[PDB]
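See below for the structure under consideration.
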Amino acid sequence: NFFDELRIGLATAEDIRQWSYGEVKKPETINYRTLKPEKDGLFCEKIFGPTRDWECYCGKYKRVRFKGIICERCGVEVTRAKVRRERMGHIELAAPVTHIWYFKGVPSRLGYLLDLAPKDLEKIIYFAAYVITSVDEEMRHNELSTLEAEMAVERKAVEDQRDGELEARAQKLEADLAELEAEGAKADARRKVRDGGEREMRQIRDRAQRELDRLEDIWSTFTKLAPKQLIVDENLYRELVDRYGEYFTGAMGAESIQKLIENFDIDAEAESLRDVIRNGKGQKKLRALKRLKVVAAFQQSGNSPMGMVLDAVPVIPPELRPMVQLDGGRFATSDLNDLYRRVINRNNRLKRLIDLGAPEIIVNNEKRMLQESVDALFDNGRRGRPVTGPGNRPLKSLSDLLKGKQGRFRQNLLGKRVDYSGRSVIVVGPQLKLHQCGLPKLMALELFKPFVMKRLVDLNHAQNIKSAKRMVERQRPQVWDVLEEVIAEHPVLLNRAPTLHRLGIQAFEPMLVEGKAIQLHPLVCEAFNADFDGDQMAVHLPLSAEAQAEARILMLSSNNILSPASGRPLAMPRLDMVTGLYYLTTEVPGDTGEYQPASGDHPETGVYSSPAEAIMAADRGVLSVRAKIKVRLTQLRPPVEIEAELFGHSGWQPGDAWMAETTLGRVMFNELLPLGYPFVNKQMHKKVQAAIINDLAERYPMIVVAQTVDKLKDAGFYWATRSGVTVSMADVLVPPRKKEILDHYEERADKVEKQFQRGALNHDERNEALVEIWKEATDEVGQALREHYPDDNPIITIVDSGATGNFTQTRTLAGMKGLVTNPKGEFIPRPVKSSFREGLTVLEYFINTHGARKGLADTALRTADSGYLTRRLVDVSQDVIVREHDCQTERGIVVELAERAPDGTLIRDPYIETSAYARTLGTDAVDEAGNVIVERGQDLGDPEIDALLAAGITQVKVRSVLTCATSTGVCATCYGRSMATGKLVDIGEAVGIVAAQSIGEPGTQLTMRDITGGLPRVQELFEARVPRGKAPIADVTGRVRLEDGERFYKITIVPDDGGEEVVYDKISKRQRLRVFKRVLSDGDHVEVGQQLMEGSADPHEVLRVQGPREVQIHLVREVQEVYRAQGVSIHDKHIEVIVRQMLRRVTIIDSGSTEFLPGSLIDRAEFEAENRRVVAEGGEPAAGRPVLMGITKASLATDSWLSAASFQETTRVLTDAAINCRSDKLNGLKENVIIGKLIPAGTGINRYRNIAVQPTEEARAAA
DNA sequence: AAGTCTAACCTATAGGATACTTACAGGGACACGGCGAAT
RNA sequence: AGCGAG
DNA sequence: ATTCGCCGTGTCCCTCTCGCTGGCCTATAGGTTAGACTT
Ligand SMILES: [Zn+2]
Ligand SMILES: [Zn+2]
């Protein structure tokens, strides 16, 4: 494999016949009976190749020795049967045809190149109007006079005819008058002939005038006749040609367009376009820019446009165009055969017709047929009507195999079915270890079949590979002995679709299990989002030693305890385990065997010599595992204070002793944590366990953390059972004051309803009043309920301990359901007053159904919206790979980090764990000329945050991805800590995909609540769409004058400088202005960019008026606000990576002198390089401006056409790449994935991919 | 058993003469085109 | 065309 | 009436993944091809 470039471009007919191994003539596929491809047919062996390996049509050649020889009678080259898959055919068109893509795709590249228009082009090519290929006008000055004489002569003849007609009409009128006056009749009767003669002469002179005007019109057109015009009125074309056919050439159809392109200079058109843009303006300027792009695509490159009009069409080989019998031997081909056959039929008929010689009408018709058929072949449905086979189904065309999901790109390149794989339903495997997963032997046998045969053949269980195959297929007993051996230390990847985030795929060590279900360690469930209710999961087998190393090291379950999103652990006790630990470690005052300071009657009688004595006592009904006792701990480090006081500085604690007023349950728990962890002595509410595991991961090695979570799972499962947390109707206690307060609130509801009946307020007013009153009612009922429940209740125990569920669910269970959403989104003002325990009545259930159904449908659609957003984010930010240890730059954003309180205090800012942690300092922290507290270029973790807060400093400068000064991808330090590892990132981590996936996975959790505020808001922000309500923002400092205009608000910002008074008047009075320390108090000195009105701010205007730093900060701020409304913790640095990928192009206004379009987007790096280059050898430095692109446009406007082709708009991307003759460099993750070579991320980078290993000198010595 | 030697079969071409004349979502975005002031 | 998991 | 600047309307590519089940009529010359004897 030696790949470097895919330089797609226009394929001229010469190349088409160059590829072709032959030329299919007739539309004959397969013989009726012998089932053999015909000669010169669409499958002919001589053209494509032999359908059977080592054979030929007549069959006189069958041996392999004379390979590569073509027979005599039938002329079939003796090669492999598979060579048909590659050799390609072609067909010669009698008349040229136009490629559908360039002609019809909007904007019409053909029209832009030839200055013509879409409907006009449709008319000329499809034989509806004529076009002039060229005309030579230079020798027309004398010809002007000569033809003037000729036309004067014919006009004299026309006048002769006209006066003859007039004289004849006059004679007829005289005769009619003589005949009428010769007989007596009505006066009107005898003057009717006079009227008729008058009308007849009138219409005669009218016709003469009209034809004279037509002659004069065609004369004027001839005076100013030029090429590139549509001659509608075929009769006029016939007149023009049969009178002056010579010296000017006209044509119709694709041949006419080809002639027009031939007699045309690209350089002249390019120079004209340059001149117009040099002196143009307005929409004329924009059209000039677009057409200049189209033409300069050809001009700058060596690809001429003559390849757009096709003389020969290629034929995809046969095996990509199957023809196979099936079912009852019924042949079942594909649709391309019909399209190709139609093209062939049209072509043969056209050839014959031209040969025989037919009137231009029929040949034009046949050419039109061939044109529309080639269009359907290349792209069905793009023009005319979708050619529909039987059943009115649009036949698949060659283009269709690209677009959409079913196309090649998204279906068989970016994801493929794989061998050595399987799937099954999953079940909880609590006896498993974290790094283990079960495997039903009926599946492991089939997966490892390749291996078991080897290990048994070499064990002589069989005597050859085939015999071993028999043993496996027979499932003979010995296999289960060898299988159990060939499976050990052989990881397998467990996957669960959808693979929302990076943790979806995890490598486990498999162990044999009986049954039919993949046993899954429960801890990893949260990583997979799996719940054992019928979930199916897939097992994949990594074969190669490199792959097995990747499975063991990179992807093993125990090596991945922290979510890449924000570092929150995922393999931590959850749900059942949380309840078990909460029961184990809580402290109930009054349980059996308390520690009492008794005197006189007896000593304390609460102390215990060792936890051994404690467990022995607790085995009998003497002590409870949640009672306060004074134990003598001798194997656990005490808390910080006890150790620091008793032992002073360095008191080791594997063999010492100390008193602890704890609960035996807590001692049991703390024995689970490592030997070094200080005794915690608390109640393990879920947040506490999260903190414990996070501390362990940050400080302790990974193996210790994995073992600790394993033991925590064990203890939690063991103790949740004895916790007796069960649900029963006696354990769901209704509040006692329900009826009275409900009656009082209903009385208030009746009062407001009476007010409505008197017209005191409108129906919306009373609806709002009822909704608000009943919301107060729900608040009161919930408060009373939470008051009533004692902590020992199973439901409140489950909820309070953080095992699962929110409290509002318990309010519904025993309380009232509250308001119920009307399907539009409003609130049904009844509202439900019956608790699910008490049993809803019929109408209340029917009302609740609205909310349930709308929730389900919203989830169904939002899942797809989230998936699409994830795909777009992944495509924008795939190239962002950490590929340098250090920028060594000096820039970097700042962080608020606990700003001072108004009274004076370092109240911690709410957002630190998602915007301050895991960064590298761009500066050194000094307080009031104090000592340097923390040094530059060091990882910033929680101890440094506590140090900073203690110091008295809040503003901090931190290195960030936004200010990364690297060329290709971000550098390590500018990125900072990696969440999953907890250390500084490697120099191969594909952090872009991590950012995209961690930003996308929270999706399907943000419910929409006019300016959007849910997932669609995040979509708008990333896509950079203009917001709905454009709240105007200030442009300059100074006091502001505000007036409540007629249905709007007028605002004038006094510019501090001599700026123009920015005045805004067209604002809906409904929207309220921004509020601040006042609702834009008249005269406020809002800054040059403060949002004046309260609403949404366009990122484009913010960038324009404040700069890239501010727009980056604003985008990250808004996206974080949207994600945090639902309490999701995601570090910005992912969002900053996305924003960085959005802001990497600059729009230019000065052409410089190096092939730059004013207003074309170009990446910053090449922009600066071009500016530096052009500064040398004639200084015209192009001055550009930053632009904020949308994610989709950023994905499309890339340097590689493969990624853009596979992303979306495949036809447009391919046409553009063909015209520009672009060349992919195969330097992207997605690309190398398609062509199946190592991705330049992780282990595929040159540094790690080229490691060389040989044993050390001492190792060679030991041999 | 291919190499003749014998005897069919099958199919692209062609040919026959009343009369008959017009089938049968939605959203965003951009590009192709209405309405108005200026020269 | 129907269905399971999210 | 053309220029330039606005609006206005029409036509088109995109919105998650992974499983499973079933359901006319000849006439003729030339190409082509069946079977059989053999040394
Ligand atoms: Zn042959
Ligand atoms: Zn950097």
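A note on labels: chains of the structure tokens are A, B, ... as shown, every chain counts residues from 1, and ligands are counted from 1 in their shown order.
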
With 9 Å as the limit and counting only C-alpha atoms (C1' of nucleotides), what residues in chain C lie close to chain A? Please list them as a PDB file with N, CA, C and O atoms (P, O5', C5', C4', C3', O3' and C1' of nucleotides), in the first residue's frame.
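Written file, out08.pdb:
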ATOM      1  P     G C   4     -41.760  -3.211  21.305  1.00  0.00           P
ATOM      2  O5'   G C   4     -40.283  -3.769  21.506  1.00  0.00           O
ATOM      3  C5'   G C   4     -40.039  -4.908  22.317  1.00  0.00           C
ATOM      4  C4'   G C   4     -38.562  -5.130  22.519  1.00  0.00           C
ATOM      5  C3'   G C   4     -37.797  -3.952  23.096  1.00  0.00           C
ATOM      6  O3'   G C   4     -37.919  -3.859  24.500  1.00  0.00           O
ATOM      7  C1'   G C   4     -36.631  -4.807  21.232  1.00  0.00           C
ATOM      8  P     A C   5     -37.882  -2.425  25.217  1.00  0.00           P
ATOM      9  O5'   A C   5     -36.354  -2.000  25.124  1.00  0.00           O
ATOM     10  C5'   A C   5     -35.381  -2.684  25.893  1.00  0.00           C
ATOM     11  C4'   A C   5     -33.980  -2.289  25.509  1.00  0.00           C
ATOM     12  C3'   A C   5     -33.639  -0.822  25.653  1.00  0.00           C
ATOM     13  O3'   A C   5     -33.435  -0.426  26.995  1.00  0.00           O
ATOM     14  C1'   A C   5     -32.831  -1.592  23.594  1.00  0.00           C
ATOM     15  P     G C   6     -34.461   0.597  27.691  1.00  0.00           P
ATOM     16  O5'   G C   6     -33.927   2.035  27.262  1.00  0.00           O
ATOM     17  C5'   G C   6     -32.787   2.599  27.889  1.00  0.00           C
ATOM     18  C4'   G C   6     -31.708   2.928  26.892  1.00  0.00           C
ATOM     19  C3'   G C   6     -31.502   4.400  26.579  1.00  0.00           C
ATOM     20  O3'   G C   6     -30.766   5.086  27.577  1.00  0.00           O
ATOM     21  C1'   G C   6     -31.509   3.157  24.574  1.00  0.00           C
TER      22        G C   6
END

Kindly compile the residues surrounding ligand 1 within 10 Å, counting only C-alpha atoms (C1' of nucleotides) and all ligand atoms, and format them as a PDB file with N, CA, C and O atoms, in the first residue's frame.
ATOM      1  N   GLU A  55     -10.932 -20.001 -17.921  1.00  0.00           N
ATOM      2  CA  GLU A  55     -11.796 -20.519 -18.968  1.00  0.00           C
ATOM      3  C   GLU A  55     -11.864 -19.475 -20.076  1.00  0.00           C
ATOM      4  O   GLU A  55     -11.262 -18.402 -19.984  1.00  0.00           O
ATOM      5  N   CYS A  56     -12.599 -19.800 -21.136  1.00  0.00           N
ATOM      6  CA  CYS A  56     -12.916 -18.828 -22.170  1.00  0.00           C
ATOM      7  C   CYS A  56     -14.244 -19.221 -22.800  1.00  0.00           C
ATOM      8  O   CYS A  56     -14.778 -20.304 -22.544  1.00  0.00           O
ATOM      9  N   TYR A  57     -14.781 -18.315 -23.619  1.00  0.00           N
ATOM     10  CA  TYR A  57     -16.129 -18.498 -24.153  1.00  0.00           C
ATOM     11  C   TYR A  57     -16.265 -19.837 -24.865  1.00  0.00           C
ATOM     12  O   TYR A  57     -17.172 -20.623 -24.566  1.00  0.00           O
ATOM     13  N   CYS A  58     -15.370 -20.115 -25.814  1.00  0.00           N
ATOM     14  CA  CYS A  58     -15.394 -21.401 -26.496  1.00  0.00           C
ATOM     15  C   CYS A  58     -14.811 -22.516 -25.641  1.00  0.00           C
ATOM     16  O   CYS A  58     -15.072 -23.691 -25.914  1.00  0.00           O
ATOM     17  N   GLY A  59     -14.028 -22.173 -24.621  1.00  0.00           N
ATOM     18  CA  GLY A  59     -13.611 -23.137 -23.625  1.00  0.00           C
ATOM     19  C   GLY A  59     -12.427 -23.997 -23.995  1.00  0.00           C
ATOM     20  O   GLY A  59     -12.103 -24.923 -23.245  1.00  0.00           O
ATOM     21  N   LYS A  60     -11.761 -23.727 -25.119  1.00  0.00           N
ATOM     22  CA  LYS A  60     -10.612 -24.544 -25.493  1.00  0.00           C
ATOM     23  C   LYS A  60      -9.437 -24.352 -24.543  1.00  0.00           C
ATOM     24  O   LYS A  60      -8.507 -25.165 -24.557  1.00  0.00           O
ATOM     25  N   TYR A  61      -9.456 -23.302 -23.726  1.00  0.00           N
ATOM     26  CA  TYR A  61      -8.414 -23.035 -22.743  1.00  0.00           C
ATOM     27  C   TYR A  61      -8.991 -23.240 -21.350  1.00  0.00           C
ATOM     28  O   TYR A  61      -9.962 -22.577 -20.974  1.00  0.00           O
ATOM     29  N   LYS A  62      -8.396 -24.162 -20.592  1.00  0.00           N
ATOM     30  CA  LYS A  62      -8.817 -24.433 -19.223  1.00  0.00           C
ATOM     31  C   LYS A  62      -7.670 -24.538 -18.231  1.00  0.00           C
ATOM     32  O   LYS A  62      -7.903 -24.332 -17.033  1.00  0.00           O
ATOM     33  N   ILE A  70      -5.205 -14.632 -24.619  1.00  0.00           N
ATOM     34  CA  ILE A  70      -6.570 -14.413 -25.088  1.00  0.00           C
ATOM     35  C   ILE A  70      -6.826 -15.335 -26.271  1.00  0.00           C
ATOM     36  O   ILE A  70      -6.006 -15.426 -27.193  1.00  0.00           O
ATOM     37  N   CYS A  71      -7.972 -16.011 -26.239  1.00  0.00           N
ATOM     38  CA  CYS A  71      -8.295 -17.053 -27.199  1.00  0.00           C
ATOM     39  C   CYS A  71      -8.471 -16.455 -28.594  1.00  0.00           C
ATOM     40  O   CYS A  71      -8.386 -15.242 -28.803  1.00  0.00           O
ATOM     41  N   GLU A  72      -8.720 -17.333 -29.571  1.00  0.00           N
ATOM     42  CA  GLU A  72      -8.824 -16.942 -30.971  1.00  0.00           C
ATOM     43  C   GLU A  72     -10.275 -16.800 -31.421  1.00  0.00           C
ATOM     44  O   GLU A  72     -10.692 -15.724 -31.859  1.00  0.00           O
ATOM     45  N   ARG A  73     -11.052 -17.880 -31.321  1.00  0.00           N
ATOM     46  CA  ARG A  73     -12.417 -17.856 -31.840  1.00  0.00           C
ATOM     47  C   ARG A  73     -13.276 -16.848 -31.090  1.00  0.00           C
ATOM     48  O   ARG A  73     -14.047 -16.100 -31.704  1.00  0.00           O
ATOM     49  N   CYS A  74     -13.151 -16.805 -29.762  1.00  0.00           N
ATOM     50  CA  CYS A  74     -13.989 -15.953 -28.933  1.00  0.00           C
ATOM     51  C   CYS A  74     -13.261 -14.759 -28.338  1.00  0.00           C
ATOM     52  O   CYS A  74     -13.925 -13.817 -27.894  1.00  0.00           O
ATOM     53  N   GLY A  75     -11.933 -14.771 -28.315  1.00  0.00           N
ATOM     54  CA  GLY A  75     -11.185 -13.601 -27.899  1.00  0.00           C
ATOM     55  C   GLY A  75     -11.424 -13.190 -26.461  1.00  0.00           C
ATOM     56  O   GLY A  75     -11.713 -12.020 -26.192  1.00  0.00           O
ATOM     57  N   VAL A  76     -11.313 -14.133 -25.532  1.00  0.00           N
ATOM     58  CA  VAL A  76     -11.423 -13.861 -24.104  1.00  0.00           C
ATOM     59  C   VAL A  76     -10.056 -14.048 -23.470  1.00  0.00           C
ATOM     60  O   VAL A  76      -9.432 -15.105 -23.624  1.00  0.00           O
ATOM     61  N   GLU A  77      -9.596 -13.032 -22.748  1.00  0.00           N
ATOM     62  CA  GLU A  77      -8.318 -13.126 -22.060  1.00  0.00           C
ATOM     63  C   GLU A  77      -8.446 -14.054 -20.858  1.00  0.00           C
ATOM     64  O   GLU A  77      -9.373 -13.925 -20.055  1.00  0.00           O
ATOM     65  N   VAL A  78      -7.509 -14.992 -20.737  1.00  0.00           N
ATOM     66  CA  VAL A  78      -7.547 -16.013 -19.690  1.00  0.00           C
ATOM     67  C   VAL A  78      -6.930 -15.403 -18.435  1.00  0.00           C
ATOM     68  O   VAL A  78      -5.708 -15.306 -18.313  1.00  0.00           O
TER      69      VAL A  78
END

Next item on the list: Pull out every residue of chain A sitting within 12 Å of chain D, counting only C-alpha atoms (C1' of nucleotides), and send them as number ranges by chain.
Entry: A: 104-107, 280-285, 382, 403-405, 415, 417, 422-425, 495-500, 504, 534-538, 859-872, 1000-1001, 1003-1004, 1016, 1019, 1192, 1207-1212

Expected answer as a compact mmCIF listing (two decimals) with C-alpha atoms, in the first residue's frame: residues within 7 Å of ligand 2, only C-alpha atoms (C1' of nucleotides) and all ligand atoms:
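The result, written out as selection.txt:
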# COMPACT_ATOMS: atom_id res chain seq x y z
CA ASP A 886 4.56 22.82 24.23
CA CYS A 887 3.53 25.92 22.34
CA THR A 889 3.26 30.84 23.79
CA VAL A 961 -6.81 25.69 23.60
CA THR A 963 -4.67 30.59 22.35
CA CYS A 964 -2.74 27.48 21.26
CA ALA A 965 -0.01 28.70 18.89
CA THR A 966 0.48 25.37 17.11
CA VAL A 970 -3.17 21.84 19.77
CA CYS A 971 -0.11 21.23 21.90
CA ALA A 972 -0.15 19.24 25.12
CA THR A 973 0.26 21.98 27.73
CA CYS A 974 -2.22 24.37 26.11
CA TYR A 975 -4.76 21.52 26.38

Counting only C-alpha atoms (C1' of nucleotides), which residues of chain B fall within 12 Å of chain A, and what is the closest atom pair for each with its distance in Å at one decimal, ordered by chain and rising number, as JSON lines?
{"residue": "B:2", "atom": "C1'", "partner": "A:60", "partner_atom": "CA", "distance": 11.7}
{"residue": "B:28", "atom": "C1'", "partner": "A:1025", "partner_atom": "CA", "distance": 9.6}
{"residue": "B:29", "atom": "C1'", "partner": "A:1025", "partner_atom": "CA", "distance": 11.5}
{"residue": "B:30", "atom": "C1'", "partner": "A:106", "partner_atom": "CA", "distance": 8.9}
{"residue": "B:31", "atom": "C1'", "partner": "A:107", "partner_atom": "CA", "distance": 7.8}
{"residue": "B:32", "atom": "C1'", "partner": "A:118", "partner_atom": "CA", "distance": 9.4}

Store the residues picked out above in a file with C-alpha atoms (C1' of nucleotides), as an mmCIF file, in the first residue's frame.
data_model
loop_
_atom_site.group_PDB
_atom_site.id
_atom_site.type_symbol
_atom_site.label_atom_id
_atom_site.label_comp_id
_atom_site.auth_asym_id
_atom_site.auth_seq_id
_atom_site.Cartn_x
_atom_site.Cartn_y
_atom_site.Cartn_z
ATOM 1 C "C1'" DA B 2 -10.763 -34.973 -30.901
ATOM 2 C "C1'" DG B 28 -32.456 26.994 6.056
ATOM 3 C "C1'" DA B 29 -30.480 28.608 2.417
ATOM 4 C "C1'" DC B 30 -29.542 30.579 -2.015
ATOM 5 C "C1'" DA B 31 -30.687 32.177 -6.493
ATOM 6 C "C1'" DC B 32 -33.937 33.959 -9.680
#

Among range 625-705 of chain A, which residues carry a DSSP assignment of helix (DSSP H, G or I), reported as a tab-separated table (two decimals) with N, CA and C atoms, in the first residue's frame?
chain	number	residue	atom	x	y	z
A	640	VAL	N	-7.16	13.55	59.57
A	640	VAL	CA	-5.97	14.40	59.53
A	640	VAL	C	-5.68	14.96	60.92
A	641	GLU	N	-6.71	15.43	61.62
A	641	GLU	CA	-6.48	16.10	62.90
A	641	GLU	C	-5.99	15.13	63.96
A	642	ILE	N	-6.61	13.96	64.06
A	642	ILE	CA	-6.22	12.99	65.09
A	642	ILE	C	-4.78	12.56	64.88
A	643	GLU	N	-4.42	12.24	63.63
A	643	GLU	CA	-3.05	11.82	63.35
A	643	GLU	C	-2.06	12.95	63.64
A	644	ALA	N	-2.36	14.15	63.15
A	644	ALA	CA	-1.44	15.27	63.32
A	644	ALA	C	-1.25	15.63	64.79
A	645	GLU	N	-2.28	15.42	65.61
A	645	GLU	CA	-2.18	15.78	67.02
A	645	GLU	C	-1.50	14.67	67.82
A	646	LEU	N	-2.04	13.45	67.75
A	646	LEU	CA	-1.51	12.36	68.56
A	646	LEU	C	-0.06	12.05	68.19
A	664	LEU	N	-19.47	0.80	64.04
A	664	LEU	CA	-18.84	-0.41	63.53
A	664	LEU	C	-19.01	-0.53	62.03
A	665	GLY	N	-20.17	-0.13	61.52
A	665	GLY	CA	-20.36	-0.13	60.08
A	665	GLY	C	-19.34	0.73	59.36
A	666	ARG	N	-19.04	1.91	59.92
A	666	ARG	CA	-18.06	2.78	59.29
A	666	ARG	C	-16.67	2.15	59.30
A	667	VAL	N	-16.32	1.45	60.38
A	667	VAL	CA	-15.03	0.77	60.42
A	667	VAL	C	-14.97	-0.31	59.35
A	668	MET	N	-16.04	-1.10	59.22
A	668	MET	CA	-16.09	-2.09	58.16
A	668	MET	C	-15.90	-1.43	56.80
A	669	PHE	N	-16.56	-0.30	56.59
A	669	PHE	CA	-16.44	0.40	55.32
A	669	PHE	C	-15.00	0.84	55.07
A	670	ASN	N	-14.41	1.53	56.05
A	670	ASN	CA	-13.08	2.10	55.88
A	670	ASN	C	-12.00	1.04	55.77
A	671	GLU	N	-12.25	-0.18	56.23
A	671	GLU	CA	-11.31	-1.25	55.92
A	671	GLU	C	-11.30	-1.57	54.43
A	672	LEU	N	-12.37	-1.23	53.71
A	672	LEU	CA	-12.39	-1.47	52.27
A	672	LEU	C	-11.45	-0.52	51.53
A	686	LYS	N	-24.26	9.78	48.34
A	686	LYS	CA	-23.64	9.46	47.05
A	686	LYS	C	-22.55	10.46	46.67
A	687	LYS	N	-22.77	11.75	46.95
A	687	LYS	CA	-21.73	12.74	46.68
A	687	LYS	C	-20.45	12.41	47.44
A	688	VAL	N	-20.59	11.88	48.66
A	688	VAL	CA	-19.41	11.55	49.45
A	688	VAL	C	-18.64	10.41	48.79
A	689	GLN	N	-19.34	9.41	48.27
A	689	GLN	CA	-18.65	8.33	47.58
A	689	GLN	C	-17.99	8.83	46.30
A	690	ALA	N	-18.66	9.74	45.59
A	690	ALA	CA	-18.03	10.34	44.41
A	690	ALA	C	-16.73	11.03	44.79
A	691	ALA	N	-16.76	11.81	45.88
A	691	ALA	CA	-15.55	12.49	46.33
A	691	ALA	C	-14.47	11.49	46.73
A	692	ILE	N	-14.86	10.42	47.42
A	692	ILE	CA	-13.89	9.42	47.87
A	692	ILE	C	-13.19	8.79	46.67
A	693	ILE	N	-13.97	8.35	45.68
A	693	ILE	CA	-13.38	7.68	44.53
A	693	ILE	C	-12.55	8.66	43.71
A	694	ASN	N	-13.00	9.91	43.61
A	694	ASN	CA	-12.21	10.90	42.89
A	694	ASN	C	-10.87	11.14	43.57
A	695	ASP	N	-10.87	11.24	44.90
A	695	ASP	CA	-9.63	11.40	45.64
A	695	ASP	C	-8.71	10.21	45.40
A	696	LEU	N	-9.25	9.00	45.50
A	696	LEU	CA	-8.45	7.81	45.25
A	696	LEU	C	-7.82	7.85	43.86
A	697	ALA	N	-8.63	8.15	42.85
A	697	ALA	CA	-8.11	8.17	41.48
A	697	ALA	C	-7.04	9.24	41.31
A	698	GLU	N	-7.26	10.43	41.86
A	698	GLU	CA	-6.29	11.50	41.72
A	698	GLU	C	-4.96	11.12	42.36
A	699	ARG	N	-5.00	10.52	43.55
A	699	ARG	CA	-3.77	10.27	44.28
A	699	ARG	C	-3.21	8.87	44.04
A	702	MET	N	-4.01	3.30	39.46
A	702	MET	CA	-5.29	2.88	38.88
A	702	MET	C	-5.71	1.51	39.39
A	703	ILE	N	-4.75	0.60	39.59
A	703	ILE	CA	-5.09	-0.73	40.08
A	703	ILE	C	-5.73	-0.64	41.46
A	704	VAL	N	-5.20	0.22	42.32
A	704	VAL	CA	-5.76	0.37	43.66
A	704	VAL	C	-7.20	0.86	43.57
A	705	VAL	N	-7.46	1.83	42.68
A	705	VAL	CA	-8.82	2.35	42.55
A	705	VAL	C	-9.77	1.27	42.04

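Within the 12 Å cut-off around range 6-23 of chain B, using only C-alpha atoms (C1' of nucleotides) and omitting residues fewer than 5 positions from it on the same chain, the listed residues are residues 24, 25, 26, 27, 28, 29, 30, 31, 32, 33, 34, 35, 36 and 37 of chain D.
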